[PDB]
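> Heads up: the sequence shown is residues 5 to 25, 31 to 395, 400 to 433, going by the entry's author numbering.
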Amino acid sequence: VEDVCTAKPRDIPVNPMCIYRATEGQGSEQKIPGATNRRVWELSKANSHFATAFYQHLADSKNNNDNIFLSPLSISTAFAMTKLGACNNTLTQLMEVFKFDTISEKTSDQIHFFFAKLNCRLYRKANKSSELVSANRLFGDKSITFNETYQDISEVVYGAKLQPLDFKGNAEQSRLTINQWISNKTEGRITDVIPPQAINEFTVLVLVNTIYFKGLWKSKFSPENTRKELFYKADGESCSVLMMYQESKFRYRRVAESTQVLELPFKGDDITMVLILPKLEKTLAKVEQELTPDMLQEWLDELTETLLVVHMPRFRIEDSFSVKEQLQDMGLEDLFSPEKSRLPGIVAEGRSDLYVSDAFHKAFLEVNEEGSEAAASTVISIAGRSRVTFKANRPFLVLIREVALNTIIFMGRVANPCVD
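1) If we ignore side chains and look at the alpha-carbon of each, how far apart do residue 4 and residue 364 end up?
2) Can you grab the Cα-Cα spacing for the pair residue 40 / residue 306, in whole Å?
3) What residue does the beta strand (DSSP E) around residue 296 start on, and which one ends it?
4) Is the beta carbon of residue 82 closer than 9 Å to that of residue 220?
5) How should residue 318 be labelled, buried or exposed, when 16 other C-beta atoms within 10 angstroms of its C-beta is the threshold for buried?
6) As an exercise, report each continuous beta strand (DSSP E) stretch of at least 3 residues that is fully enclosed by the region 62 to 94, in chain order.
7) In the region 354 to 395, which residue ranges form an unbroken alpha helix (DSSP H) of at least 4 residues, counting only runs that do not cross its ends?
8) Nearest CA to the CA of residue 217: which residue from 382, 327 and 202?
9) Does residue 99 come out as helix, strand or coil in the three-state DSSP assignment?
10) From which residue to which residue does the beta strand (DSSP E) around residue 218 run?
11) To the nearest angstrom, how far is it from the Cα of residue 378 to the Cα of residue 104?
12) Can you look up residue 116 in the DSSP assignment and give me helix, strand or coil?
13) Identify, in the order they occur along the chain, each residue of the same chain with its Cβ nearer than 6 Å to the Cβ of residue 61, setting aside the five sequence neighbours on each side.
14) For residue 154, collect the residues of the same chain with a Cβ closer than 8 Å to its Cβ; drop the 5 residues on either side in sequence, then sort them by chain order.
15) What's the C-alpha gap between residue 48 and residue 36?
16) In its own chain, which residues sit with a C-beta less than 6 Å from the C-beta of residue 239, not counting the 5 before and 5 after it?
17) Between which two residues does the alpha helix (DSSP H) containing residue 149 stretch?
18) Cα separation between residue 347 and residue 211?
19) Please state if the CB of residue 373 and the CB of residue 389 are separated by a distance shorter than 9 Å.
20) Are residue 56 and residue 421 close, meaning C-beta to C-beta below 9 Å?
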């Protein structure tokens with residue numbers, strides 16, 4: 005069994021309460042993937058536009074000397090899970106902000122199928138490759154009878170089991186139970202996401218998503234060619250880092266405005282790490298400000314195995330934030346206003362007032378001699394009740414693609430590596 009996605013020949017129970025809907034029309038392409046639904050391609054593309062669109066926004070909100078790291082795929086999954094229960098305008102905005110309107114189908118109900126199609130085609134049993142894994146769960150207050158078909162399109166399409174907690178009474182204790190589920194599901198890395206008073210008396214459903222990844226480098230680094238070196242911080246100050254070094258053949262190009270893009274694949278070429286180390290004289294800010302997921306030229310043009318002598322800090326960056334600030338700026342407004350939020354698919358017995366009170370995300374990355382472990386979580390809580402050389406020793410951005418499907422699984426700016 006490997007879920008609904010590729011059952012046998014098949015069909016799924018997907019039909020929520022409301023449906024939205031003319032697509033983007035120009036571009037929003039497909040890799041000449043003549044196959045029935047090769048929508049999953051345009052889903053990954055839509056998803057990756059939101060990833061760039063969400064980073065450009067978060068990076069602007071974040072002081073340039075801070076590290077950023079998120080898993081745009083975690084963020085698109087946890088909200089497409091919530092768009093099941095949405096309706097009317099809340100739905101027009103979830104389709105619009107997360108770019109789901111770009112997938113060429115005429116109806117929002119379809120996107121859910123295509124997400125289970127790309128998820129099955131992503132966390133698959135790769136007994137060589139790596140460890141890319143996800144776990145979605147819907148925890149709701151024991152006292153609310155939840156909507157039965159919600160409950161189930163979630164079992165099928167997202168693998169999200171309902172778990173009753175006693176939010177209403179024992180909410181502080183309930184926060185500890187979800188926070189620990191996330192710990193377990195990310196191999197103890199994304200610890201305590203949900204901040205101290207985020208869940209209380211009136212939380213109806215907390216829904217959580219996770220994504221964990223471990224991968225060994227193809228071309229490992231030697232613990233002996235690991236000297237300390239200065240990393241010249243984003244602010245022009247510097248710190249001592251344990252800087253890894255190796256000589257190898259790797260995909261590479263020096264792209265627009267001498268912004269070097271390296272791809273270092275993990276064990277058995279499915280997942281890679283992309284590093285964008287922009288020239289000395291530039292500022293990573295510029296390259297952050299003009300990022301466009303249709304700058305995939307950058308990525309796909311370095312199919313030129315090139316002999317690098319690579320220097321790279323081994324670091325550990327950990328980060329968390331509120332997706333509610335930046336999504337509001339992105340345009341998702343109705344979903345968070347108790348006034349304007351329309352979500353009738355989630356509750357049966359009340360069915361009405363529910364809104365997203367806050368929405369969190371925490372992330373992790375340890376890159377090191379033998380490989381890297383990344384982890385990520387999102388919980389959206391809802392309430393209402395009813400010898401060329403590439404010496405990366407200065408800030409750079411990090412992508413972690415899953416090549417086959419092209420899905421930016423994680424994205425970051427390691428701007429200060431001498432943190433733990």
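From the three backbone atoms N, C-alpha and C, an ideal C-beta is built for every residue, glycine too.
Put simply:
1) Here the chain covers residues 5 to 433 and nothing more, so residue 4 does not appear.
2) Against the sequence shown, residue 40 aligns to sequence position 31. Against the sequence shown, residue 306 aligns to sequence position 297. Going by the C-alpha atoms only, they are around 13 Å apart.
3) Here residue 296 is taken as the residue at index 287 of the sequence shown, counted from 1. That residue, residue 296, is in no beta strand (DSSP E); its alpha helix (DSSP H) goes 293 to 298.
4) As a working mapping, residue 220 is identified with position 211 in the sequence shown. As a working mapping, residue 82 is identified with position 73 in the sequence shown. Taking 9 Å as the Cβ cut-off, residue 220 and residue 82 qualify as a contacting pair.
5) Walking along the sequence shown from the start, residue 318 turns up at place 309. Answer is exposed; the Cβ neighbour count stays below 16.
6) 77 to 79
7) none
8) Numbered from its first residue, the sequence shown carries residue 217 at position 208. It is 202.
9) Position 90 of the sequence shown holds residue 99. Helix, per DSSP.
10) By 1-based counting over the sequence shown, the position of residue 218 is 209. 212 to 225 is the extent of the beta strand (DSSP E) around residue 218.
11) Residue numbering aside, residue 378 sits at position 369 when the sequence shown is read from its first letter. Residue numbering aside, residue 104 sits at position 95 when the sequence shown is read from its first letter. Answer to the nearest angstrom: the Cα atoms are 41 Å apart.
12) Sequence index remark: in the sequence shown, residue 116 carries index 107 (1-based). Residue 116 falls in the coil class under three-state DSSP.
13) Taking the sequence shown and counting its residues from 1, one reaches residue 61 at position 52. Excluding residues within five positions, the ones whose Cβ falls inside 6 Å are 300 and 302.
14) Here the question's residue 154 lines up with position 145 in the sequence shown. Cβ within range, chain order: 356, 357 and 358.
15) By 1-based counting over the sequence shown, the position of residue 48 is 39. By 1-based counting over the sequence shown, the position of residue 36 is 27. Approximately 13 Å between the Cα atoms of the pair.
16) Counted from its first residue, the sequence shown places residue 239 at position 230. Excluding residues within five positions, the ones whose Cβ falls inside 6 Å are 247.
17) Translated into positions along the sequence shown, residue 149 becomes position 140. Counting along the chain, residue 149 falls outside any alpha helix (DSSP H), though it belongs to the beta strand (DSSP E) covering 146 to 150.
18) One-based indexing of the sequence shown puts residue 347 at position 338. One-based indexing of the sequence shown puts residue 211 at position 202. Roughly 12 Å separates the two Cα atoms.
19) Numbered from 1 along the sequence shown, position 380 holds the residue referred to as residue 389. Numbered from 1 along the sequence shown, position 364 holds the residue referred to as residue 373. No, they are not a contact pair.
20) The count along the sequence shown starts at 1 and reaches residue 56 at position 47. The count along the sequence shown starts at 1 and reaches residue 421 at position 408. The answer is yes: Cβ separation under 9 Å.
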